[PDB]
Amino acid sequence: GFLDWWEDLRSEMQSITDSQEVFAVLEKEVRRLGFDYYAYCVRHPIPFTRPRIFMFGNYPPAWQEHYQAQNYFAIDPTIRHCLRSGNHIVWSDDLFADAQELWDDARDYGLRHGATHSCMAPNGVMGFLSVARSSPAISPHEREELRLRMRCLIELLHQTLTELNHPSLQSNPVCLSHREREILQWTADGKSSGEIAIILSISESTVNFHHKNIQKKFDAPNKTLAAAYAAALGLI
C-alpha cells in the first residue's frame, strides 16, 4: 500500500545516517516503481550564466561519459528551470524537439522511456529526479500513480539530504540584517540611493554605507548583482 510504503520508507529514511546509504534505498525504490536507472540533479539559481549544478545517478557509466562529453546538461529539456504542468513530465519526442541529438543518443544507449519530476525549494534551489527503463513504455494506467510516487521520493530525498547537511544542497550563507534587507527591497524596487534616503529619513552617506556591506556579503561589484542574487535566493 502506498501509505505503508510511504511509512516504511519514511521510517527507513529517518534511520539513515550516511549519504551513500540514501542513494542505495533510492535505487531500491526506483526498481520498485518499475524502472531500471535514476538520476538526481540539483540546480542552484546562481550564478545566472553558469549555475552550480550537481548530478548523481546510476545510469550506465558509458552514457554517463557520453553525456558529460557533449555538455548535454546545457540543452537538456528535463533539467531546465521551467514550469512543468504538474512539476512532472513524461519523456516524449515532443519534449526533445529542440534537442534531437540528445534524444537520439539516449534511446540508442537504452533509455527509451522515462519521466522527470521537479521540486523547487523556496530558497532558489531546484531539484530534479529522473527515472528510465528500456523495454516497457509508460502505460497510461500507471501514469498518475507514477506522478504521485515520484513526488514523494524527490521531496523525501530533498528533506533527508538537507537534514544530513549535504554539500550539494548547502548554498553560500548570506547574513542579511533587517535594516540592510529593507534597503535592498527598495533598491530592487527601482528607487535610487537618494530616493531611499527620504522614506527611511536617513542620510545618503549611510544608504551607500549599507550598500557597501551588502555588496561585500554577496561579493558584488555593483548593487545589481546584490539585488538580483537576493531576489533569486528568496532573501528579499
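Quick note: we count residues from 1 along the sequence shown, nothing fancier.
Visitor: Should the higher mean CA B-factor in the entry be assigned to 161-169 or to 101-109?
Guide: Per the PDB entry, the higher value belongs to 161-169.
Visitor: Comparing average C-alpha B factors as deposited, tell me which of 37-45 and 196-204 sits higher.
Guide: Mean CA B-factor is higher for 196-204.
Visitor: Based on the PDB record, which member of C152, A121, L146, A115 exhibits the highest Cα temperature factor?
Guide: Top of the list by C-alpha B-factor: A121.
Visitor: Going by the deposited entry, which of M126, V90, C82, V131 has the highest CA temperature factor?
Guide: When the deposited C-alpha B-factors of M126, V90, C82, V131 are compared, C82 is largest.
Visitor: Of the three thirds of its chain by CA temperature factor, lowest, middle or highest, which one includes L26?
Guide: Its C-alpha B-factor, which the entry lists for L26, ranks in the middle third among residues of this chain.
Visitor: Report the third (lowest, middle or highest) to which the CA temperature factor of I214 belongs, ranking only the modelled residues of the same chain.
Guide: Middle third.
Visitor: Quick check for you: using the entry's CA B-factors within this chain, is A220 in the lowest, middle or highest third?
Guide: Answer is middle: the recorded C-alpha B-factor places it there.
Visitor: Would you mind checking where the Cα B-factor of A69 ranks among the modelled residues of its chain, as the lowest, middle or highest third?
Guide: Within its chain, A69 is a middle-third residue by C-alpha B-factor, going by the deposited values.
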